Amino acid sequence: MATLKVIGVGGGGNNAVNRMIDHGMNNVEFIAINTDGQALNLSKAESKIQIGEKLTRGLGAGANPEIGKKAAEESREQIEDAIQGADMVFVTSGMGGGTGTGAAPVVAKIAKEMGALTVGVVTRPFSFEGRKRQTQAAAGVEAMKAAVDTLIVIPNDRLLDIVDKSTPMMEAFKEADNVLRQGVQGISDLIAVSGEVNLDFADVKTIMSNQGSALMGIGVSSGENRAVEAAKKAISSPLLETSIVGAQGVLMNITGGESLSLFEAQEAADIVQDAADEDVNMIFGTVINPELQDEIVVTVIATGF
């Protein structure tokens, strides 16, 4: 089977990896990468890589992205060996600081040059962190786009749209982690289960390779109108920079029980074509899971904007 690895780069990246291991997630290998040895010693990841020990002496990059870049380059062979064998690599990082901003594009490039399908999932900083953080982050975002196959960007300011005045900050951060966690889970399930209309990792590659911005979403629903509601959920995250409008390629999977109807499959497909507003390259699949009764799940991967 294809092997999927998730790499957290810098403090936010390593936080996401820890929170996803906590949630449980298997068939996925985790790798934590950082300059900061204090933070890295707390990582729950099976594979830990301290970069730039010489440059930083176990500290972080002190918000200098050039030091994160030089720290990754210096540790290229330890990064290659941790990646080796991966068919797909998800590189997650908070843009704007020193280590994620500088090192995450180098990790991505190493992954892509070793043959993995390479997906970045990165955050931009909150506005309240100031203009410079934001400018450094935008330079990181540009570097990541040049190095990955597909990029998903999560503006942290979007978390302010889904909290109330009391929502704990750690709960907000878990919501942003879901973008990555559901993407990865979605792909993992699409590879593992055999569908009636079967999708596989060759279809993932066709839709995601060398294709810029991406959306990855899962939607689940029941009852009346379940296929439309699940498909609208899959494509409508309030956390994303890139909405599905304009998508040129789509991978879409519908999973349901024995009651799944042809009519409802068509309805869900049309939701995604309409929101696309394009002459799309759609690869459609279907799985019948008899353990499902009233539930239907729609998975969507959209690219090509």
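Numbering starts at 1 and follows the sequence shown. The term rigid core refers to the most C-alpha atoms you can superpose between the two forms while keeping them within 1.5 Å.
In 7 other deposited structures of this protein, superposed by the rigid core, the C-alpha atoms of 281 to 289 lie farther from the shown form than the other of 8 to 16 and 281 to 289. Superposing on the core and measuring CA offsets in 7 other deposited structures of this protein, the stretch of 193 to 201 and 73 to 81 with the greater mean deviation is 193 to 201. When the C-alpha B-factors of 22 to 30 and 55 to 63 are averaged, 22 to 30 comes out higher.
For the pair 219 to 227 and 114 to 122, the record assigns the higher mean C-alpha temperature factor to 219 to 227.
Highest CA B-factor among 45, 269, 251, 262, as stated in the entry: 45.
Placement of the Cα temperature factor of residue 9 within the chain: lowest third of the modelled residues, per the deposited record.
Split the chain's modelled residues into thirds by C-alpha temperature factor. Residue 130 is in the middle one. When the modelled residues of the chain are ordered by their C-alpha B factor, residue 15 lands in the middle third. In this PDB entry, residue 210 carries a Cα temperature factor that places it within the middle third of its chain's modelled residues.
Sorting the modelled residues of the chain by their CA temperature factor places residue 50 in the lowest third.
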